[PDB]
$ cat coords-v1.cif   # mmCIF, N, CA and C atoms and all ligand atoms
data_input
loop_
_atom_site.label_atom_id
_atom_site.label_comp_id
_atom_site.auth_asym_id
_atom_site.auth_seq_id
_atom_site.Cartn_x
_atom_site.Cartn_y
_atom_site.Cartn_z
N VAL A 1 13.35 6.73 8.33
CA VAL A 1 14.26 5.99 7.40
C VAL A 1 13.49 4.96 6.57
N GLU A 2 14.09 4.50 5.48
CA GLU A 2 13.43 3.51 4.67
C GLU A 2 14.21 2.20 4.57
N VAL A 3 13.49 1.10 4.74
CA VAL A 3 14.04 -0.25 4.68
C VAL A 3 13.36 -0.91 3.48
N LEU A 4 14.12 -1.59 2.63
CA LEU A 4 13.51 -2.27 1.51
C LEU A 4 13.16 -3.71 1.89
N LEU A 5 11.99 -4.13 1.41
CA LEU A 5 11.49 -5.48 1.66
C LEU A 5 11.86 -6.40 0.47
N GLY A 6 12.88 -7.24 0.67
CA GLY A 6 13.32 -8.13 -0.40
C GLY A 6 14.37 -7.53 -1.35
N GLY A 7 15.42 -8.30 -1.62
CA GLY A 7 16.46 -7.82 -2.51
C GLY A 7 16.07 -8.12 -3.95
N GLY A 8 16.63 -7.37 -4.88
CA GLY A 8 16.32 -7.60 -6.28
C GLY A 8 16.94 -8.91 -6.76
N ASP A 9 17.95 -9.35 -6.01
CA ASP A 9 18.65 -10.58 -6.30
C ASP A 9 17.88 -11.81 -5.79
N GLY A 10 16.67 -11.61 -5.28
CA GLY A 10 15.87 -12.73 -4.78
C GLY A 10 15.95 -13.01 -3.28
N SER A 11 16.83 -12.30 -2.58
CA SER A 11 16.94 -12.50 -1.15
C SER A 11 15.68 -12.05 -0.39
N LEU A 12 15.20 -12.89 0.52
CA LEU A 12 14.03 -12.52 1.33
C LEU A 12 14.65 -11.85 2.55
N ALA A 13 14.98 -10.57 2.39
CA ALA A 13 15.64 -9.86 3.45
C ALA A 13 15.17 -8.45 3.59
N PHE A 14 15.43 -7.90 4.78
CA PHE A 14 15.14 -6.52 5.11
C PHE A 14 16.46 -5.82 4.76
N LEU A 15 16.38 -4.76 3.96
CA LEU A 15 17.59 -4.04 3.54
C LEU A 15 17.45 -2.56 3.92
N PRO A 16 18.13 -2.11 5.01
CA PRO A 16 19.00 -2.86 5.94
C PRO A 16 18.31 -3.78 6.93
N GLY A 17 19.02 -4.80 7.40
CA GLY A 17 18.44 -5.74 8.34
C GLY A 17 18.71 -5.42 9.80
N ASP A 18 19.85 -4.78 10.05
CA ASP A 18 20.25 -4.40 11.39
C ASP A 18 20.56 -2.91 11.25
N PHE A 19 19.73 -2.06 11.84
CA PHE A 19 19.94 -0.61 11.73
C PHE A 19 19.51 0.09 13.00
N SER A 20 19.75 1.41 13.06
CA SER A 20 19.40 2.21 14.24
C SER A 20 18.55 3.41 13.86
N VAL A 21 17.65 3.80 14.76
CA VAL A 21 16.82 4.99 14.53
C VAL A 21 16.58 5.68 15.86
N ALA A 22 16.54 7.01 15.85
CA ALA A 22 16.32 7.77 17.06
C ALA A 22 14.84 7.73 17.48
N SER A 23 14.59 7.66 18.79
CA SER A 23 13.24 7.63 19.36
C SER A 23 12.33 8.67 18.68
N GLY A 24 11.21 8.22 18.12
CA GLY A 24 10.27 9.12 17.46
C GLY A 24 10.44 9.23 15.95
N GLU A 25 11.57 8.75 15.46
CA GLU A 25 11.90 8.73 14.04
C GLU A 25 11.08 7.58 13.42
N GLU A 26 10.54 7.80 12.23
CA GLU A 26 9.71 6.80 11.56
C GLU A 26 10.55 5.83 10.74
N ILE A 27 9.98 4.65 10.51
CA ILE A 27 10.61 3.63 9.70
C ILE A 27 9.57 3.23 8.65
N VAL A 28 9.87 3.44 7.38
CA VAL A 28 8.95 3.05 6.32
C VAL A 28 9.47 1.83 5.55
N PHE A 29 8.79 0.68 5.72
CA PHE A 29 9.16 -0.60 5.08
C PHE A 29 8.47 -0.74 3.73
N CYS A 30 9.24 -0.57 2.67
CA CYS A 30 8.68 -0.62 1.34
C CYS A 30 9.00 -1.87 0.51
N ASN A 31 7.97 -2.42 -0.15
CA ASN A 31 8.13 -3.61 -0.98
C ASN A 31 9.13 -3.29 -2.05
N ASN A 32 10.03 -4.23 -2.30
CA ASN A 32 11.06 -4.09 -3.32
C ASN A 32 11.00 -5.32 -4.21
N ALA A 33 10.98 -6.48 -3.58
CA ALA A 33 10.95 -7.75 -4.31
C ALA A 33 10.55 -8.88 -3.40
N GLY A 34 10.19 -10.01 -3.99
CA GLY A 34 9.84 -11.18 -3.20
C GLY A 34 8.58 -11.09 -2.37
N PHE A 35 7.72 -10.11 -2.63
CA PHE A 35 6.52 -10.01 -1.82
C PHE A 35 5.48 -11.03 -2.29
N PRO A 36 4.37 -11.21 -1.55
CA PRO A 36 3.96 -10.56 -0.29
C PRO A 36 4.97 -10.57 0.87
N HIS A 37 4.96 -9.46 1.61
CA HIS A 37 5.77 -9.25 2.79
C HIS A 37 4.87 -8.55 3.78
N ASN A 38 5.24 -8.64 5.05
CA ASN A 38 4.55 -7.90 6.07
C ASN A 38 5.62 -7.69 7.15
N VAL A 39 5.32 -6.84 8.14
CA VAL A 39 6.27 -6.56 9.22
C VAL A 39 5.60 -6.85 10.56
N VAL A 40 6.15 -7.83 11.28
CA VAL A 40 5.61 -8.23 12.58
C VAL A 40 6.70 -8.20 13.68
N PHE A 41 6.45 -7.48 14.77
CA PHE A 41 7.45 -7.42 15.85
C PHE A 41 7.24 -8.53 16.82
N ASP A 42 8.34 -9.12 17.29
CA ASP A 42 8.32 -10.21 18.26
C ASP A 42 7.99 -9.65 19.65
N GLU A 43 6.83 -10.05 20.19
CA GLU A 43 6.37 -9.61 21.50
C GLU A 43 7.43 -9.83 22.59
N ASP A 44 8.26 -10.86 22.40
CA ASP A 44 9.30 -11.18 23.37
C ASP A 44 10.65 -10.56 23.01
N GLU A 45 10.65 -9.65 22.04
CA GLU A 45 11.90 -9.04 21.62
C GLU A 45 11.74 -7.54 21.44
N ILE A 46 10.87 -6.92 22.23
CA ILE A 46 10.65 -5.47 22.15
C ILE A 46 10.67 -4.88 23.56
N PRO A 47 11.15 -3.62 23.70
CA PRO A 47 11.25 -2.92 24.99
C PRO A 47 10.00 -3.01 25.83
N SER A 48 10.21 -2.93 27.14
CA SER A 48 9.15 -2.98 28.14
C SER A 48 8.10 -1.90 27.85
N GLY A 49 6.82 -2.26 28.00
CA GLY A 49 5.73 -1.31 27.79
C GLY A 49 5.26 -1.08 26.36
N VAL A 50 5.98 -1.64 25.40
CA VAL A 50 5.61 -1.47 24.00
C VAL A 50 4.56 -2.53 23.72
N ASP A 51 3.51 -2.14 23.00
CA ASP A 51 2.42 -3.05 22.64
C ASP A 51 2.68 -3.56 21.24
N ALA A 52 3.11 -4.81 21.16
CA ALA A 52 3.41 -5.40 19.87
C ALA A 52 2.26 -5.23 18.87
N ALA A 53 1.02 -5.33 19.36
CA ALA A 53 -0.19 -5.22 18.54
C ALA A 53 -0.37 -3.83 17.90
N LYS A 54 0.28 -2.82 18.47
CA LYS A 54 0.20 -1.48 17.94
C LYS A 54 1.28 -1.20 16.90
N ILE A 55 2.47 -1.77 17.12
CA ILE A 55 3.58 -1.53 16.21
C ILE A 55 3.74 -2.58 15.11
N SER A 56 2.91 -3.62 15.15
CA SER A 56 2.98 -4.68 14.14
C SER A 56 1.83 -4.69 13.14
N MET A 57 2.08 -5.28 11.98
CA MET A 57 1.01 -5.49 11.03
C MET A 57 0.40 -6.82 11.54
N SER A 58 -0.87 -7.07 11.22
CA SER A 58 -1.52 -8.31 11.63
C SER A 58 -0.85 -9.39 10.81
N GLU A 59 -0.68 -10.58 11.38
CA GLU A 59 -0.08 -11.69 10.65
C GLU A 59 -0.84 -11.96 9.34
N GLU A 60 -2.12 -11.59 9.33
CA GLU A 60 -3.01 -11.78 8.18
C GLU A 60 -2.98 -10.64 7.19
N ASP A 61 -2.25 -9.57 7.49
CA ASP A 61 -2.16 -8.47 6.56
C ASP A 61 -0.83 -8.64 5.82
N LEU A 62 -0.89 -8.51 4.50
CA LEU A 62 0.30 -8.66 3.66
C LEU A 62 0.39 -7.51 2.67
N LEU A 63 1.60 -7.02 2.42
CA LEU A 63 1.80 -5.97 1.42
C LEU A 63 1.95 -6.81 0.14
N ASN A 64 0.84 -6.96 -0.56
CA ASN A 64 0.71 -7.77 -1.75
C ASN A 64 1.09 -7.06 -3.04
N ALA A 65 1.18 -5.74 -2.99
CA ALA A 65 1.46 -4.97 -4.19
C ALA A 65 2.82 -4.28 -4.19
N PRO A 66 3.40 -4.08 -5.39
CA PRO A 66 4.71 -3.45 -5.63
C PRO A 66 4.98 -2.08 -5.00
N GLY A 67 3.99 -1.19 -4.97
CA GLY A 67 4.21 0.13 -4.41
C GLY A 67 3.85 0.28 -2.94
N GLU A 68 3.47 -0.82 -2.31
CA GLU A 68 3.07 -0.82 -0.91
C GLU A 68 4.19 -0.78 0.13
N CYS A 69 3.92 -0.09 1.24
CA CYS A 69 4.87 0.04 2.33
C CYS A 69 4.08 0.01 3.61
N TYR A 70 4.83 -0.09 4.70
CA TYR A 70 4.30 -0.12 6.05
C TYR A 70 5.16 0.81 6.94
N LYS A 71 4.54 1.88 7.42
CA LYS A 71 5.21 2.85 8.29
C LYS A 71 4.92 2.61 9.78
N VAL A 72 5.95 2.69 10.63
CA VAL A 72 5.79 2.53 12.08
C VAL A 72 6.74 3.53 12.77
N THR A 73 6.26 4.14 13.85
CA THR A 73 7.08 5.07 14.63
C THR A 73 7.33 4.45 16.03
N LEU A 74 8.61 4.23 16.35
CA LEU A 74 9.01 3.64 17.63
C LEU A 74 9.59 4.70 18.58
N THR A 75 9.18 4.65 19.84
CA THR A 75 9.65 5.61 20.84
C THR A 75 10.46 5.01 22.00
N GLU A 76 9.92 4.00 22.69
CA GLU A 76 10.66 3.35 23.78
C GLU A 76 12.05 2.90 23.32
N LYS A 77 13.08 3.32 24.04
CA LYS A 77 14.44 2.97 23.67
C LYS A 77 14.81 1.53 23.93
N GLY A 78 15.57 0.99 22.99
CA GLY A 78 16.02 -0.38 23.08
C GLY A 78 16.03 -1.03 21.72
N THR A 79 16.29 -2.33 21.70
CA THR A 79 16.30 -3.06 20.45
C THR A 79 14.94 -3.74 20.27
N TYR A 80 14.53 -3.85 19.00
CA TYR A 80 13.27 -4.50 18.62
C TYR A 80 13.61 -5.51 17.53
N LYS A 81 13.13 -6.74 17.67
CA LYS A 81 13.34 -7.79 16.67
C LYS A 81 11.98 -8.00 15.98
N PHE A 82 11.98 -7.86 14.66
CA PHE A 82 10.79 -8.00 13.83
C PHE A 82 11.08 -9.01 12.71
N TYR A 83 10.02 -9.46 12.05
CA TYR A 83 10.12 -10.40 10.95
C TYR A 83 8.94 -10.28 10.00
N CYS A 84 9.06 -11.00 8.88
CA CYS A 84 8.01 -11.08 7.86
C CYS A 84 7.36 -12.44 8.06
N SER A 85 6.07 -12.46 8.37
CA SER A 85 5.39 -13.73 8.60
C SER A 85 5.62 -14.81 7.54
N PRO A 86 5.26 -14.54 6.27
CA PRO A 86 5.46 -15.55 5.22
C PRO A 86 6.89 -16.04 4.97
N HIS A 87 7.88 -15.21 5.29
CA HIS A 87 9.26 -15.58 5.03
C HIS A 87 10.09 -15.67 6.27
N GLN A 88 9.43 -15.85 7.41
CA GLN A 88 10.15 -15.90 8.65
C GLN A 88 11.07 -17.10 8.64
N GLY A 89 10.56 -18.24 8.16
CA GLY A 89 11.36 -19.45 8.11
C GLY A 89 12.48 -19.40 7.08
N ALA A 90 12.43 -18.43 6.17
CA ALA A 90 13.48 -18.33 5.16
C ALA A 90 14.58 -17.36 5.63
N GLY A 91 14.47 -16.90 6.87
CA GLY A 91 15.44 -15.97 7.41
C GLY A 91 15.12 -14.49 7.23
N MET A 92 13.89 -14.12 6.87
CA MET A 92 13.59 -12.70 6.69
C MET A 92 13.19 -12.03 8.00
N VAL A 93 14.20 -11.68 8.78
CA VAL A 93 14.02 -11.06 10.08
C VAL A 93 14.92 -9.85 10.15
N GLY A 94 14.69 -9.00 11.13
CA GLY A 94 15.51 -7.82 11.27
C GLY A 94 15.56 -7.31 12.69
N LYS A 95 16.41 -6.31 12.90
CA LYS A 95 16.56 -5.70 14.21
C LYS A 95 16.74 -4.20 14.07
N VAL A 96 16.11 -3.44 14.96
CA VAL A 96 16.29 -2.01 14.92
C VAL A 96 16.57 -1.50 16.34
N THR A 97 17.54 -0.59 16.47
CA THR A 97 17.85 -0.01 17.77
C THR A 97 17.32 1.43 17.83
N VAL A 98 16.40 1.66 18.76
CA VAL A 98 15.83 2.98 18.96
C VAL A 98 16.62 3.69 20.07
N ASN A 99 17.44 4.66 19.67
CA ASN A 99 18.25 5.40 20.62
C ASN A 99 17.81 6.86 20.65
CL CL A 101 2.99 0.73 21.98
CU CU A 102 8.55 -11.53 3.27
#

$ encode --input "coords-v1.cif" --output "structure tokens"
Amino acid sequence: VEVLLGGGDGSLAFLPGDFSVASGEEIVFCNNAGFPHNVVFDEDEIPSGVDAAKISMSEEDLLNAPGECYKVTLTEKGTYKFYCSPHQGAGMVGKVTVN
């Protein structure tokens, strides 16, 4: 599935922000507006056994360009809470349920 990074209206948001995906299904986070953006999963908000370092972009990596995206494939079932480092304080966070 595809999630847009930033609304055209200026919102620093994941569109959709709360969504579901089946185990093994990919999620492609594409820059839309308001970038730089990046996608970082909260180590304390991801299913048991998942390595946040494998499913996250480095806090120092940013999708700085308009056509850039970040693809991640999640398998362990449960909810995962992720955010954008630069806009975390502005409310740019999201949740995905892997069923
Ligand atoms: Cl992992
Ligand atoms: Cu951002």

$ residues_near_ligand --input "coords-v1.cif" --ligand "ligand CU 102 (chain A)" --cutoff "7 Å" --atoms "only C-alpha atoms and all ligand atoms" --output "PyMOL selection string"
chain A and resi 5-6+12+34-38+84-87+92

$ residues_near_ligand --input "coords-v1.cif" --ligand "ligand CL 101 (chain A)" --cutoff "6.5 Å" --atoms "all atoms listed in the file" --output "PyMOL selection string"
chain A and resi 49-52+54-55

$ atom_distance --input "coords-v1.cif" --atom1 "atom C of residue 96 of chain A" --atom2 "atom N of residue 13 of chain A"
16.7 Å

$ residues_near_point --input "coords-v1.cif" --point "(19.3, -2.7, 2.6)" --cutoff "7 Å" --atoms "only N, CA and C atoms" --output "PyMOL selection string"
chain A and resi 3-4+14-17

$ atom_distance --input "coords-v1.cif" --atom1 "atom N of residue 77 of chain A" --atom2 "atom CA of residue 95 of chain A"
13.8 Å
